[PDB]
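J.: Provide a 3D model corresponding to the input given below.
(one chain, ligands or ions: 2)
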Amino acid sequence: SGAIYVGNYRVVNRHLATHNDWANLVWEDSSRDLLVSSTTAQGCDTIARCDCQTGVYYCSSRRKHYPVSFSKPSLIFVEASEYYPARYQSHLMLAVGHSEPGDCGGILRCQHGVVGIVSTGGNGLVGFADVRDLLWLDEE
Ligand SMILES: Cn1cnc(CCNC(=O)c2nn(C)c3ccccc23)c1
Ligand SMILES: [Zn+2]
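T.: Numbers count the residues shown, from 1 in each chain. Ligands and ions are numbered 1, 2, ... in the order given. The structure is reproduced below:
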């Protein structure tokens, strides 16, 4: 679990969105595994606006933050689980690191701010949903 709180927005994995998120919806995209809802209070996270490929992510299944090198956002064919079908996920970055399904929502950050959130992984892979292109998160 986990979210980004920037301005009056809450950014979560689309597959973990609550009824309150859907009832206060700003934007959602299934191909990216992202959903954004509106908040009453202002958040403290800042979004990175950069092309960093090194940063640190939070892993809830280890209570630890790990430094990682990650790929540029791309369209990767994903994993067919017994929970979910196999499909193309867009704007996805991969790194070598531990993850479990419940780690989704953990933040990946660089020197500039928040880069994205945990969304895919396995066999020592963790994939993150990028948010650096969503410029509108910084206003309105
Ligand atoms: C519809 N839908 C779109 N996206 C999803 C979530 C897909 N994520 C996973 O299945 C998953 N996520 N992490 C970090 C893992 C680590 C090990 C094994 C599996 C996973 C569902
Ligand atoms: Zn950066």
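
J.: Please enumerate residues in contact with the helix or strand hosting residue 109?
T.: Element membership for residue 109 (DSSP states H and E) is strand 107-110. Here strand 107-110 makes contact (Cβ atoms under 8 Å, 6 or more residues apart in numbering) with 2, 4, 45, 48, 50, 52, 54-58, 68, 70, 93, 114-118, 128. C-beta: built from backbone N, CA, C; applies to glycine.

J.: close to ligand 2, is that strand?
T.: Yes - contact of strand 107-110 with ligand 2 (Cβ under 5 Å from the ion) involves residue 110.

J.: In its sheet, which strands sit next to that strand, and in what direction?
T.: Sheet partners assigned to strand 107-110 using DSSP bridges are listed as strand 54-59 (antiparallel), strand 113-122 (antiparallel).

J.: That strand near ligand 1 at all?
T.: No - Strand 107-110 is not in contact with ligand 1 by Cβ under 6 Å from any ligand atom; minimum separation 11.5 Å.

J.: Which parts of this structure are strands?
T.: Along the chain, counting by DSSP state E, strands occupy 4-13, 25-29, 34-44, 54-59, 64-69, 74-77, 88-96, 107-110, 113-122, 125-130.
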